[PDB]
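Trainee: Questions regarding the structure given below will be posed in turn.
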Amino acid sequence: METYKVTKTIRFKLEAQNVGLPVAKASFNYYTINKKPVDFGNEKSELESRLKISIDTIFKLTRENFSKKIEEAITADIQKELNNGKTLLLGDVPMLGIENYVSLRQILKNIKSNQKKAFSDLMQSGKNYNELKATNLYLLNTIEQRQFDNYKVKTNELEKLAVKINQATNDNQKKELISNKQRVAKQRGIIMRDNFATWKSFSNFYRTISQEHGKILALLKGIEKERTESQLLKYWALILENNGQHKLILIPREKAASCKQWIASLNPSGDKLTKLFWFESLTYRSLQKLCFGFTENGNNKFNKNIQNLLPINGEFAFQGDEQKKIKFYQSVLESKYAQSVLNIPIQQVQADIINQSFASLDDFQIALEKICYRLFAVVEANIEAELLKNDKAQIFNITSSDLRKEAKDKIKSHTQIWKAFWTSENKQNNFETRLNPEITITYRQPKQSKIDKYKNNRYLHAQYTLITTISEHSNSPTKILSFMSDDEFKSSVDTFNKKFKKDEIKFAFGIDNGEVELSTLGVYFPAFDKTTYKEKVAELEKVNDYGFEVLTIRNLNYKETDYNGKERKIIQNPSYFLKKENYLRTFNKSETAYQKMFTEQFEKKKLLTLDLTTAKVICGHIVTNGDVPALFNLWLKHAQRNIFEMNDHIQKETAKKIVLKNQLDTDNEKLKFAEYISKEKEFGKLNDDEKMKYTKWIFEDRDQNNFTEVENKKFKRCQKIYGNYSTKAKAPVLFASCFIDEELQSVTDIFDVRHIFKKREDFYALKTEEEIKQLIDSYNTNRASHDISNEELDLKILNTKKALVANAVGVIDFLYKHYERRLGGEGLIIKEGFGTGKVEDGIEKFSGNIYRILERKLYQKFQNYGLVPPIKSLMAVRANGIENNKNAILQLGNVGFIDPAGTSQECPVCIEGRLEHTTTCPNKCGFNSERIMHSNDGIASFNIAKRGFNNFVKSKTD
RNA sequence: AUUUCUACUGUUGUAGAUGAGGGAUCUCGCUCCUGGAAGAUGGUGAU
RNA sequence: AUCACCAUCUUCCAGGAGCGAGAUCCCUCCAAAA
RNA sequence: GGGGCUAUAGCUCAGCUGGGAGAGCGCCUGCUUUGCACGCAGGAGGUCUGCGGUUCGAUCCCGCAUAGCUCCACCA
Ligand SMILES: [Mg+2]
Ligand SMILES: [Mg+2]
């Protein structure tokens, strides 16, 4: 669909021949070398108009409600500071030249601190309940004597444990500490955090006020820095092309003036196997900066002239109309003076801009930008030495791996644009792909952790990197977001969604999240909607015409020996077994052998649904098992973190002990885990004898017992972290326990128990079961958690989640293209949008839940096609997602969202049938998911897509 | 073995993804500095 | 046996700064002619 | 534990409309038969679930806490 301008930051490597921290910066355009800071003068007035507060409206900045008694006290406390003509602000800003101001954020901090300080001295010195109630601690008063004493029970016990001086046996001292830090100090804090009603409220009133100030502080902070960033440009830059390779030439501004005066005299003869280059351009934004920039000071020379064309002065004079601006600017270029200082193709701009008429201000910007961007050429011989000698020009060479290899065709996308920029087919489109005129250079040191241990490498020696920015679709409308109001974004999305049409959409996907199968995919079409049950069943059955083709590895253990005597396994890297060129080269097999292997190892078939847990794109084929290793790194990092964050990381010795087991031994552990898996309220009501039967339910095989159904109704209601923990489970679980005593003895006290890891069958292809050695390695207590060292394992939970998404975006984008070039139309991505409360729960039951990342990486992908708008603040528009509405739909471009209510338990053909039916609809209709769907779990994604498509078309009807 | 990441990895490297820099608020884990309170123990002086 | 003082030293609380992990958020990336 | 409903005197409950705190049962007392007592009479009983806000005026509108049932969304 019609696109809009898009930017990206692509980089390469520079090789130095003549001469992280930003060692240098430069701009291609010769006129930006002496930039001046932007005119932010308008915004500063607005934010200054938002800092100031008037007391009386304070309590309207938060949802928290305070009674009148506290209401009067807090205002009274603040007023005591406003004497002597002070004025009130929402926060302290070290800018804007303000004086005699009182920071509301600071004052709220002070009263909270003093009260918490006073209440600590009171409780420790032994005063009584009725003595507290008469004091001025209006925040901590009114707590029940149930809480007041409960706090003091810990306090005396804590101070009573401060007699560790008397101990002269470290073996016994280390046992003392754990009984102090964990059981007492960490428990007293929670009591005050979640049970003091008035205290909790003020813990939220202060936070929101701290966040509101934070919002308008960073906004102002970025305004200050810009005035420092514009100073650092130093060099005009050139690109000298030679034998198909580019060189990078710098030149300081002490010489840039003379060099251009010399270079412009050289012959633009044509093509002679060597060229020098230099860019020229003007743009709409730069024109306003020239006419109305810094006008109030009166030093804007473009306002010393040109005044005749003015409407009165200032941009606002045009009353916001579009066409009046157009005519004024045309007159600016139509005036003689402007044509005497500017450098533009007068005859073409005269013929194409000044005399024309535009229907909107957008087209005027494009026409101006379109025509003023030029790429000159001077091709005189032996133009290298003069720059080095006369112009003291530093020189580099632009190089990268793809730019050095021999074979072509396969090349990385960020190298696909650079080589596509210089082509002649692009120069005839007025540079649809554009190289913007500011660049920068960095220099990274080698990693000392790599030099010491050492294999060709990058980190083993320093590197010069070039960071550039390139715009695609340069001749489409531009869209920017800086300083929009958080309520204008919701309006921007609403307008952008008018592009799509009821008839344009031809299909839709559907994605379902989970924990046994991290993501499942399906597809739906309007053709599946026949009227009768017989036709509906028959139409879906034609999988050959609708579905997609997928490979499946047959024997994950299959390996081979290669041309160097080394051994290679299929599961580590299939792409050495699918690409014909690779198999022949490496294993030295013949053409007949390669076809024999392919026919034997890789099954194939066509299906409607798929599993995104392990699918990847290899040499043009979808391999459902091509990504096993990258899932192992996710069930490892989750395990390596849980057994590191359940230790105690004091700087001082402690006796906490933690050990791994495949099963649980005593009734203390089994009862402690069953409490960890159940609802606290519902579990507590369970009888003390019934609790042990409930343990037999979880940890033994139900087949060899007689749990009565009435008892099942309880065991099925007390459970909230679902799973299967028996010894005969499909993916047996691995356990970890914590205690202080040396040996269990079936009597020892135990503090926690937690499931860590899941033993998936496929993982045995990579690592043997004896590789819990590598899971265990990442737990310790001697490591204080404020050091980065050999134990650098924590860092990679985020980075390891983007690996799985990197493999689920290729598949989703590969299928999207496939169908668009077969049905001839765009389509919708659909996924349940269950708000943010359901998302946090999801991450709670598994650190590796991929929901929020898998969304934020779909917006990044489909913007390039112009299908979704630019996204400023996602949570502003789509928090508290749909719920309890089987018709609504939320839409950001083509990425819709729907209610997941009842999806996974309905037959695609019927409305009454349920799942868990053994692939045949229990209502006795003809549906059979035997060889339509990858698995019975695929019905959810199919239903999610099915519902999504109908809701969207329904909305467009009216 | 890579502009960068992930899995591999040296007879031309292979397969997927890739907008970077700097900064703000909050939650959890930890360290150093300054101040306040409760308290063991040696010693000293009055009683 | 009461009260005062020096000293080793134990715990808890407040404020300042710094390191590791997670969540939300913001700006910059095209201007000048003597 | 991620969305919804009710809660009036000791018990059961009418009343919930912004201009209005009540009924039956239970209890105490007096009356009283020979005797249970059919019966007569009066009294005690309220933080309108607890807390808080809005309003000229609130059991009535608005926001939190506890007690009861509902959803394969997360899964032997
Ligand atoms: Mg779902
Ligand atoms: Mg599912």
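Residues in the structure tokens are named by chain (A, B, ... in the order shown) and by number from 1 within that chain; ligands are numbered from 1 in the order shown.
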Taking only C-alpha atoms (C1' of nucleotides) into account and nothing else, which residues of chain C lie no more than 7 Å away from chain A? Please answer as a PDB file with C-alpha atoms (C1' of nucleotides), in the first residue's frame.

Mentor:
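Wrote it out as part01.pdb, contents follow:
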ATOM      1  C1'   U C  10      26.529  -5.973  67.293  1.00  0.00           C
ATOM      2  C1'   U C  11      21.554  -4.818  64.683  1.00  0.00           C
ATOM      3  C1'   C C  13      16.768   3.285  60.363  1.00  0.00           C
ATOM      4  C1'   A C  14      17.450   8.012  57.298  1.00  0.00           C
ATOM      5  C1'   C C  19      27.121  -1.581  40.068  1.00  0.00           C
ATOM      6  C1'   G C  20      23.746  -5.873  38.143  1.00  0.00           C
ATOM      7  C1'   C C  26      11.808  10.878  25.659  1.00  0.00           C
ATOM      8  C1'   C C  27      14.805  13.757  22.227  1.00  0.00           C
ATOM      9  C1'   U C  28      18.527  14.032  18.223  1.00  0.00           C
ATOM     10  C1'   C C  30      19.424  18.620   6.510  1.00  0.00           C
ATOM     11  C1'   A C  31      21.529  25.103   6.613  1.00  0.00           C
ATOM     12  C1'   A C  32      24.574  29.863   6.341  1.00  0.00           C
ATOM     13  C1'   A C  33      26.988  33.830   3.044  1.00  0.00           C
TER      14        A C  33
END

Trainee: Using only C-alpha atoms (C1' of nucleotides) and all ligand atoms, which protein or nucleic acid residues are at most 12 Å from ligand 1, as a PyMOL selection string?

Mentor: (chain A and resi 510-515+517-521+830-834+838+842+851+897-905+937-945) or (chain D and resi 72-74)

Trainee: Determine the nearest neighbour of ligand 2 from the options D:5, D:75, D:17, D:37, counting only C-alpha atoms (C1' of nucleotides) and all ligand atoms.

Mentor: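 Nearest to ligand 2: D:75.
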
Trainee: Any idea what's packed within 10 Å of region 61-70 of chain D, counting only C-alpha atoms (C1' of nucleotides), ignoring anything in its chain fewer than 6 positions away? Could you give it as a PyMOL selection string?

Mentor: (chain A and resi 63-65+197) or (chain D and resi 3-7+18+49-55)

Trainee: For a quick test of understanding: name the residues of chain A lying within 6 Å of chain D when counting only C-alpha atoms (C1' of nucleotides), and present them as number ranges by chain.

Mentor: A: 67, 722-724, 838

Trainee: CA of residue 374 (chain A) to CA of residue 413 (chain A): how many Å, to one decimal?

Mentor: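 These two atoms are separated by 24.9 Å.
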
Trainee: Extract the full set of strand (DSSP E or B) residues from region 710-931 of chain A according to DSSP on the backbone, and format it as a PyMOL selection string.

Mentor: chain A and resi 719+733-739+750-758+827-832+890-892+895-898+920+928

Trainee: For residue 22 (chain B), which residue out of C:17, C:29, C:4, C:23 is the nearest one, using only C-alpha atoms (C1' of nucleotides)?

Mentor: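 Ranked by minimum distance to residue 22 (chain B), first place goes to C:29.
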
Trainee: Got a sec to pull out which chain B residues are within 8 Å of chain A, counting only C-alpha atoms (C1' of nucleotides), and send them as a PyMOL selection string?

Mentor: chain B and resi 1-3+5-8+12+14-20+23-26+29-31+37-40

Trainee: Could you give me, as a list in words, the residues within 10 Å of residue 927 (chain A), counting only C-alpha atoms (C1' of nucleotides) and dropping anything in the same chain fewer than 2 positions from it?

Mentor: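 Once the adjacent positions are removed, what remains is residues 533, 534, 536, 537, 538, 540, 541, 907, 908, 909, 910, 913, 919, 920, 921, 922, 923, 924, 925, 929, 930 and 932 of chain A.
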
Trainee: Have a look at CA of residue 768 (chain A) and CA of residue 578 (chain A) and let me know their distance in Å, one decimal.

Mentor: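 According to the coordinates, CA of residue 768 (chain A) and CA of residue 578 (chain A) are separated by 26.5 Å.
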
Trainee: Could you give me the residues within region 607-838 of chain A that DSSP places in helix (DSSP H, G or I), as a ChimeraX atom specification?

Mentor: /A:629-645,667-676,680-684,690-699,702-704,709-715,761-765,769-776,793-823,837-838

Trainee: I'd like the neighbourhood of region 815-827 of chain A as a list in words, where a residue qualifies if any of its atoms comes within 9 Å (using only C-alpha atoms (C1' of nucleotides)), though same-chain residues fewer than 2 positions away should be ignored.

Mentor: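 Everything that qualifies: residues 1, 504, 505, 506, 507, 508, 509, 548, 810, 811, 812, 813, 829 and 894 of chain A.
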
Trainee: Mind dumping the selected residues with N, CA, C and O atoms as a PDB file, in the first residue's frame?

Mentor:
ATOM      1  N   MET A   1       0.855  -1.218   0.000  1.00  0.00           N
ATOM      2  CA  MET A   1       0.000   0.000   0.000  1.00  0.00           C
ATOM      3  C   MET A   1       0.877   1.249   0.000  1.00  0.00           C
ATOM      4  O   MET A   1       2.093   1.157   0.169  1.00  0.00           O
ATOM      5  N   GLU A 504     -10.302  -4.675   0.190  1.00  0.00           N
ATOM      6  CA  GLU A 504      -8.877  -4.871  -0.048  1.00  0.00           C
ATOM      7  C   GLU A 504      -8.369  -6.124   0.655  1.00  0.00           C
ATOM      8  O   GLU A 504      -7.530  -6.853   0.115  1.00  0.00           O
ATOM      9  N   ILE A 505      -8.869  -6.392   1.859  1.00  0.00           N
ATOM     10  CA  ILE A 505      -8.348  -7.486   2.671  1.00  0.00           C
ATOM     11  C   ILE A 505      -8.819  -8.813   2.088  1.00  0.00           C
ATOM     12  O   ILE A 505     -10.005  -8.990   1.787  1.00  0.00           O
ATOM     13  N   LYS A 506      -7.888  -9.756   1.935  1.00  0.00           N
ATOM     14  CA  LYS A 506      -8.186 -11.057   1.353  1.00  0.00           C
ATOM     15  C   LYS A 506      -7.971 -12.222   2.312  1.00  0.00           C
ATOM     16  O   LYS A 506      -8.492 -13.313   2.056  1.00  0.00           O
ATOM     17  N   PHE A 507      -7.218 -12.031   3.392  1.00  0.00           N
ATOM     18  CA  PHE A 507      -6.961 -13.108   4.338  1.00  0.00           C
ATOM     19  C   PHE A 507      -6.532 -12.508   5.669  1.00  0.00           C
ATOM     20  O   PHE A 507      -6.482 -11.289   5.838  1.00  0.00           O
ATOM     21  N   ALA A 508      -6.232 -13.390   6.621  1.00  0.00           N
ATOM     22  CA  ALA A 508      -5.814 -12.982   7.954  1.00  0.00           C
ATOM     23  C   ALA A 508      -5.148 -14.150   8.665  1.00  0.00           C
ATOM     24  O   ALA A 508      -5.534 -15.306   8.472  1.00  0.00           O
ATOM     25  N   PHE A 509      -4.144 -13.840   9.481  1.00  0.00           N
ATOM     26  CA  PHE A 509      -3.477 -14.832  10.313  1.00  0.00           C
ATOM     27  C   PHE A 509      -4.139 -14.909  11.683  1.00  0.00           C
ATOM     28  O   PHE A 509      -5.202 -14.328  11.916  1.00  0.00           O
ATOM     29  N   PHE A 548       0.398 -24.522   3.279  1.00  0.00           N
ATOM     30  CA  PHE A 548       1.774 -24.171   2.969  1.00  0.00           C
ATOM     31  C   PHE A 548       2.695 -25.357   3.239  1.00  0.00           C
ATOM     32  O   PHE A 548       2.367 -26.269   3.998  1.00  0.00           O
ATOM     33  N   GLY A 810      10.858 -14.152  10.494  1.00  0.00           N
ATOM     34  CA  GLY A 810      11.142 -14.629   9.152  1.00  0.00           C
ATOM     35  C   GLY A 810      10.029 -15.502   8.606  1.00  0.00           C
ATOM     36  O   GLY A 810       9.630 -15.370   7.448  1.00  0.00           O
ATOM     37  N   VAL A 811       9.512 -16.406   9.438  1.00  0.00           N
ATOM     38  CA  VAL A 811       8.445 -17.300   8.994  1.00  0.00           C
ATOM     39  C   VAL A 811       7.171 -16.512   8.723  1.00  0.00           C
ATOM     40  O   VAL A 811       6.507 -16.704   7.698  1.00  0.00           O
ATOM     41  N   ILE A 812       6.804 -15.616   9.641  1.00  0.00           N
ATOM     42  CA  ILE A 812       5.562 -14.867   9.483  1.00  0.00           C
ATOM     43  C   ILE A 812       5.650 -13.932   8.287  1.00  0.00           C
ATOM     44  O   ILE A 812       4.662 -13.715   7.579  1.00  0.00           O
ATOM     45  N   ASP A 813       6.828 -13.354   8.048  1.00  0.00           N
ATOM     46  CA  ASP A 813       6.995 -12.484   6.889  1.00  0.00           C
ATOM     47  C   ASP A 813       7.136 -13.291   5.607  1.00  0.00           C
ATOM     48  O   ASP A 813       6.804 -12.802   4.522  1.00  0.00           O
ATOM     49  N   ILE A 829      -2.830  -9.361  10.540  1.00  0.00           N
ATOM     50  CA  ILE A 829      -2.279 -10.114  11.660  1.00  0.00           C
ATOM     51  C   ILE A 829      -3.230  -9.942  12.833  1.00  0.00           C
ATOM     52  O   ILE A 829      -3.705  -8.830  13.094  1.00  0.00           O
ATOM     53  N   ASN A 894      -2.803  -3.055  10.201  1.00  0.00           N
ATOM     54  CA  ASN A 894      -3.319  -4.386   9.912  1.00  0.00           C
ATOM     55  C   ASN A 894      -3.166  -5.354  11.078  1.00  0.00           C
ATOM     56  O   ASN A 894      -3.558  -6.517  10.943  1.00  0.00           O
TER      57      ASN A 894
END
